[PDB]
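Visitor: Got a structure here, written out as structure tokens. Questions coming.
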Amino acid sequence: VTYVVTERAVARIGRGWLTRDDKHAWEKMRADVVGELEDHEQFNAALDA
Amino acid sequence: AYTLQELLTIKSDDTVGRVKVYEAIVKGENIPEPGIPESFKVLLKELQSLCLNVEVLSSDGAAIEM
Amino acid sequence: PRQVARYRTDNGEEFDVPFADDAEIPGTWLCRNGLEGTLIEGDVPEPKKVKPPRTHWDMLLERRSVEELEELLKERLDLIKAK
Amino acid sequence: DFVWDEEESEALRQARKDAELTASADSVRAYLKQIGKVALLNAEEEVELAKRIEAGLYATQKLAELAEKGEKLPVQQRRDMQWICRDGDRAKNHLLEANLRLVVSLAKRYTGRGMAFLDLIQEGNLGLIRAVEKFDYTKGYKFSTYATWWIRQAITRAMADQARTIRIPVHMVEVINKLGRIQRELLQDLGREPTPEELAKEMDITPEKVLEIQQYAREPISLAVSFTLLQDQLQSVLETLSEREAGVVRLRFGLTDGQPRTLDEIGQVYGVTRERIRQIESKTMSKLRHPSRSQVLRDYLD
Amino acid sequence: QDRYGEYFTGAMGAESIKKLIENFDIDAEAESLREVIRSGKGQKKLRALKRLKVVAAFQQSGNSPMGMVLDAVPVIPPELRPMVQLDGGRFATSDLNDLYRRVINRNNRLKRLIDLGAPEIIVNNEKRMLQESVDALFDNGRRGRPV
Amino acid sequence: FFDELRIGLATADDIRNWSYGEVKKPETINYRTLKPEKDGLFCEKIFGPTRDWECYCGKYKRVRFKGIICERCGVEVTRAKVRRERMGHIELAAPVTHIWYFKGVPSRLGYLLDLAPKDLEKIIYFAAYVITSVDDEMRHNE
Ligand SMILES: [Zn+2]
């Protein structure tokens, strides 16, 4: 679930730019999104629902 | 207290104090007093660098010294 | 020997500097606080040839005529007078 | 779509481990949020906005110029001129806010070269300001066509200026980058990290100079009583000499001042001719060299 | 702001917190919190009790809280930042020596950026970057994995 | 010897008093010559000379110039490597909060201002606005 949500969020954050670029950008954006998700209260509440 | 202090500072990693004590002994002067090692100086400088206003005060609530 | 000179900065602070005796002290000195002060005697008021940096007005004049911009301004005024 | 593989699991594991807490350079999303709030301009509004900017600038200059001579403007004209003065900077702000996506996209290329992504974005913003200042609609070209040059120049110059711990001028970092550019092709051709001689041959510069440039391209990496007694003995030995003749030795060797006064200067301070100072030097030097005066100073061998 | 700007004043960033601390009612707030301590009968009393420990420290100790916001940042002496060469053609450097640099850049640009009257978004981004840089300088890891 | 020592919040006045100069530029040293750069992080006239009894340009190289400050150079001829204790400061364009008093739990600044840490997170890093004052005297009449 986290991977899917992270991919969807990254695709819309870096609108049209970062797709299929080297690791130096897409991987870092994924890492930031995942780190935020792990601390996100409502996302964890949903995963608990 | 004094013997331990001179063992830990004068007879150890304290270059300025070591040279001063050797000079005093050879010249016959009474041994100079120690104080303010370099480690404390650098620690105080770092504390100031962290914007912490550290200062040393004399007596039970008196002015600064050097 | 050693001299001493008094300087003041634009913000109003004043500073002391022990310059050399046999040398000539400059009219302006970079003080401790970082501002460029002036020697209080007030002698030698040079103009400093402080030309302004290349501004937007010149950067525009370099590609326009004095009449074309006036015509453009007239056009804009006519546009707003549609009210 | 819905496909899961080891690479997908590994990618998630990397992202999970690669960032446990947010970093200062990677939290650009706050900035990217504010870009999306402004829509893109087309040619027509672009040209109208540029014309408004120019009209505002001219109105401002006219208002400033009329001040010295007086010539107070009428109320209606005064108010409308000031309105256009404001409209000029309004249009400038609008056009600048419109095009931040261009600078973001152009700075995305040079990321990871030793400078932060957000710093590159800010330098692109600074270059885009110059781009909007210089852009002229009369040429008929689109704003993106012209502003790209200025943004690229600003980004590359900022990299040349701030990308290294030890600053290296632009005209040097140019050749240090050319070194790597040539080295890639030379390694591909020869299949090895080659020697300085062939590199000099290819680059049309001397091997010593190319080696020096390579050295300039390196990156920094992260982490006495006898002396005082001897001085006294000088005066003690000189005590055997007369004051008149002792002074010459003091001035010649610069006792307690350090300046090696020349034979004539000792003459000037004494008031006599210079060859006499050489004669005094010779006589006093012969006197002092005798063991009866320099007895104990030999202990100070070095 | 468009409708009622004259009847209030708002801001954002550390510049606004500076004003908030300036207008702080140090004595009145402390005494009102102490009254809640004498009046409350539960968690509402606990919050006052535990935040008075911080509020009073700036009252009973004399020093003002204006030091929380910095108008200047000191630089540690160079000898505490070794920058000596290494035999072999390399320079040994201290890590924080770079952090200071990163601050100065983002400071100088800001001064230039304000000078040329750039839009509000760019200046706000620059100020956020400067805050983030000083944070990294003083304590890396508080935000997360650092530069 | 001293008998006690205290630490406290440092104000801009204290920092400006400690500093002997401002590091206006980020340069450290010249690339081809290892001499310190002017107004840089290793500036000699700010933090003192690197060599005893001499300055950057070498006009003065004698111990008798103890209290002399170089004319061309601005470096104060000093007794030894005072670079170890002499320190500088930076005049930065906009105020910034101190990280130690802001981050962590409890947030001292938040407790002082009675602002929740999440709300204070937004205000400092330019995510939301905060009203510093409201003219209650005027508004309710208007
Ligand atoms: Zn000098």
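When we count neighbours, we look across all protein chains shown, and the Cβ atoms used for this are built from the backbone with ideal geometry, even at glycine. Any read-out appearing in this document is the output of simple, stated calculations on the displayed coordinates, not a laboratory observation.
Visitor: Which order do the peptides A:38-49, D:38-49 take when ranked by the mean count of other beta-carbon atoms within 10 Å per residue, highest first?
Guide: Highest to lowest by the protection proxy: D:38-49, A:38-49.
Visitor: How many partner chain Cβ atoms sit within 10 Å of a residue's Cβ in peptide D:120-129, on average, as a whole number?
Guide: Partner Cβ neighbours, averaged per residue: 4.
Visitor: Of the listed peptides A:23-30, D:249-256, D:280-287, what is their order by residue-averaged count of other C-beta atoms within 10 Å, with the highest listed first?
Guide: The most tightly packed comes first, giving A:23-30, D:249-256, D:280-287.
Visitor: Estimate the FRET efficiency between D:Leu41 and D:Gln77 by the formula 1/(1 + (r/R0)^6), using the beta-carbon distance for r and 30 Å for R0, to the nearest 0.05.
Guide: Calculated transfer efficiency: 0.45.
Visitor: Roughly how many Å is it from the Cα centre of the range F:57-110 to that of the range C:43-74, as a whole number?
Guide: Cα centroid to Cα centroid, the span is 40 Å.
Visitor: Let me ask something additional. Measuring from label point to label point, each 7 Å out along Cα→Cβ, what is the D:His171 to B:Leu52 span in nm?
Guide: Each label point is offset 7 Å from its Cα along the Cβ direction, giving 4.9 nm.
Visitor: Related question: So what's the gap between the Cα centers of the range B:1-61 and the range E:93-121, to the nearest angstrom?
Guide: 40 Å
Visitor: Restricting to DSSP loop positions (anything but H, G, I, E, B) with no more than 15 other Cβ atoms inside 10 Å of their own Cβ, which chymotrypsin sites (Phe, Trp or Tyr not before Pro) remain in the range D:1-38?
Guide: Answer by residue number: D:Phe2, D:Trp4.
Visitor: Taking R0 as 45 Å, what FRET efficiency do you get between A:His24 and B:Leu43 from their Cβ-Cβ distance, rounded to the nearest 0.05?
Guide: 0.65
Visitor: Of the cross-linked pairs D:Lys134/E:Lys18; D:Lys33/E:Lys53; B:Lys41/E:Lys50; C:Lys51/D:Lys69, which ones have a Cα-Cα span greater than 30 Å in the structure shown?
Guide: Check vs 30 Å cut-off fails for D:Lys134/E:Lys18; D:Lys33/E:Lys53; B:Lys41/E:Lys50.
Visitor: Now for a different question. What is the range D:97-189's relative contact order, in percent, from Cα pairs under 8 angstrom and six or more apart in sequence?
Guide: 26 percent
Visitor: Across the residues of A:24-33, average count of Cβ atoms on other protein chains within 10 Å?
Guide: Per residue, the average neighbour count from other chains is 6.
Visitor: If r is the Cβ-Cβ distance from C:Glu14 to D:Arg157 and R0 is 41 Å, what FRET efficiency results, to the nearest 0.05?
Guide: About 0.55, to the nearest 0.05.
Visitor: So, one more: Neighbouring Cβ atoms within 10 Å as the yardstick, rank C:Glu13, E:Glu6, F:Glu91 fewest first.
Guide: By the 10 Å Cβ count, ascending: E:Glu6, C:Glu13, F:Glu91.
Visitor: Also, I was wondering about something else. Would you calculate the separation in nanometres between label points at D:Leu21 and A:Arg8, each defined as 7 Å from the Cα along the Cα-to-beta-carbon direction?
Guide: The answer from the label model is 3.0 nm.
Visitor: Tell me, what ³J(HN,Hα) does each residue in the range C:35-45 have, in order and in whole Hz, if you take phi through Karplus 6.51 cos²θ - 1.76 cosθ + 1.60 with θ = phi - 60° and put x for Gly and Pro?
Guide: 3J(HN,Hα) across the range C:35-45, in whole Hz: 7, 8, x, 10, 6, 5, 4, x, 8, 6, x.
Visitor: Determine which residues of the range B:36-66 fall in the zone a paramagnetic label at B:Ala24 would reach in this model, i.e. backbone nitrogen under 19 Å from the point 7 Å along Cα→Cβ.
Guide: Residues B:36-39, B:66 qualify, since their backbone N sits under 19 Å from the label point.
Visitor: Build a GNM of chain C with springs between Cα atoms under 10 Å: which of C:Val66, C:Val17, C:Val50 gets the top mean-square fluctuation?
Guide: Largest GNM mean-square fluctuation: C:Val66.
Visitor: Averaged over peptide F:128-138, how many Cβ atoms belonging to another chain are found within 10 Å of each residue's Cβ?
Guide: Across the residues of F:128-138, the mean count of other-chain Cβ atoms within 10 Å is 5.
Visitor: Further question on the same structure: Would you mind ranking E:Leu113, E:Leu80 by Cβ crowding within 10 Å, fewest neighbours first?
Guide: If I rank by nearby Cβ atoms, fewest first, I get E:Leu80, E:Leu113.
Visitor: What whole-number distance in Å separates the alpha-carbon centres of the range D:200-244 and the range D:84-120?
Guide: Spelled out, the Cα-based centre of one part sits 50 Å from the other.
Visitor: Run the reach check for A:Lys23 against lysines, Cα to Cα strictly under 21 Å, same-chain hits fewer than 8 apart removed. What comes back?
Guide: D:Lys17, D:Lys108
Visitor: For F:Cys57, F:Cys70, what's the fewest-to-most ordering of other Cβ within 10 Å of each Cβ?
Guide: F:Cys57, F:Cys70
Visitor: Report the Stokes-Einstein translational diffusion coefficient (µm² s⁻¹, integer) for the range D:227-277, Rh taken as the Kirkwood radius over Cα pairs, at 25 °C with viscosity 0.890 mPa s.
Guide: Once the numbers are plugged in, D ends up at 214 µm²/s.
Visitor: On to the next question. Mind listing the phi-derived Karplus ³J(HN,Hα) values for the range D:112-119, rounded to whole Hz, using 6.51, -1.76 and 1.60 with θ = phi - 60°, and x for any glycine or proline?
Guide: Once θ is set to phi - 60°, the couplings for the range D:112-119 become x, 8, x, 10, 5, 4, 5, 4 Hz.
Visitor: Now for a different question. List the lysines whose alpha-carbon lies under 30 Å from that of C:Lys83, not counting same-chain residues fewer than 8 positions away?
Guide: C:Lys74, D:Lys51, D:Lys62, D:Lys72, D:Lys92
Visitor: Can you compute the modelled spin-label distance between D:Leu66 and F:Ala116, with each label point 7 Å from Cα toward Cβ, in nm?
Guide: The two pseudo-label positions are separated by 5.6 nm.
Visitor: Let me ask something else. Where does the charge balance sit around D:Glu174 when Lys and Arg score +1, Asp and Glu -1, over other residues with C-beta under 12 Å from its C-beta?
Guide: Combined, the nearby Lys, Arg, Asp and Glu give +3.
Visitor: Would you calculate a helix-derived [θ] at 222 nm for chain C, using -39,500 (n - 2.57) for each DSSP H run of n ≥ 4 and dividing by the full residue count, to the nearest 500?
Guide: One gets -7500 deg cm²/dmol as the mean residue ellipticity at 222 nm.
Visitor: Enumerate the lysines that F:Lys45 could reach by cross-link, defined here as Cα to Cα under 16 Å, with residues fewer than 8 away along the same chain left out.
Guide: Cα-Cα hits under 16 Å: F:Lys24, F:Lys25, F:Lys35, F:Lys59, F:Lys61, F:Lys66, F:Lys81.
Visitor: Divide by every residue of chain D the summed helix terms, -39500 (n - 2.57) for each DSSP H run of at least 4, and state the resulting mean residue ellipticity at 222 nm, rounded to the nearest 500 deg cm²/dmol.
Guide: Dividing the helical sum by the residues of chain D leaves -22000 deg cm²/dmol.
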